[PDB]
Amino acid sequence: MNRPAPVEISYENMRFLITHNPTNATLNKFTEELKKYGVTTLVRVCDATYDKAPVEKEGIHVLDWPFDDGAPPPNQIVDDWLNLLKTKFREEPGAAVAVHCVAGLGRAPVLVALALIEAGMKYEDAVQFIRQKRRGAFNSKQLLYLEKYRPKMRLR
């Protein structure tokens, strides 16, 4: 309930939403959030609280890719993440992709940040852009992941 509002991040004509986990009790406002921002796509990177299917019936592709609380993305999940962005900005140009962990303050930001770096933001700018409008975003591991990350620029 503290869990901070959906944040639009647009960079280099592509668009992101960082969000929180909803509950099913909250859920239709959360889905109304998504289509107001015009997402085609939701990535869950935490465990599942809520039925995806009310969100999926509204015509958002919902993907469950959990990994560990406070981890770097394991190499599969980043691999599939960048492939998903290519296919979905094929699908609608200038749609958004939603990510959430628990609140979006953590491993959902990391996937967005790492997508910014691959699209050629520099890494310090990518962190500060997220942390500007989502306060206290990354932890020590995930900052160190984002530092040690190298692009070979694999979007378009």
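Residue numbers here begin at 1 and follow the sequence given.
Inset, instruction - Would you determine, from the values in the PDB entry, which of 105 to 113 and 85 to 93 has the greater average C-alpha temperature factor? - result: Between 105 to 113 and 85 to 93, it is 85 to 93 that shows the higher mean C-alpha B-factor.
Inset, instruction - Within this chain's modelled residues, let me know which third the CA B factor of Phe67 belongs to: lowest, middle or highest. - result: For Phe67, whose C-alpha B-factor we compare with every modelled residue in the chain, the answer is the lowest third.
Legend entry - For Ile60, the third of its chain into which the C-alpha B factor falls: CA B-factor rank for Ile60: middle third.
Inset, instruction - Would you please rank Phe138 by its C-alpha temperature factor against the other modelled residues of its chain and give the third it falls in: lowest, middle or highest? - result: It falls in the bottom third of the chain.
Inset, instruction - Classify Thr41 as lowest, middle or highest third according to the C-alpha B-factor given in the PDB entry, relative to its own chain. - result: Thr41: CA B-factor falls in the lowest third of its chain.
Legend entry - For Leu17, the third of its chain into which the C-alpha B factor falls: Answer is lowest: the recorded C-alpha B-factor places it there.
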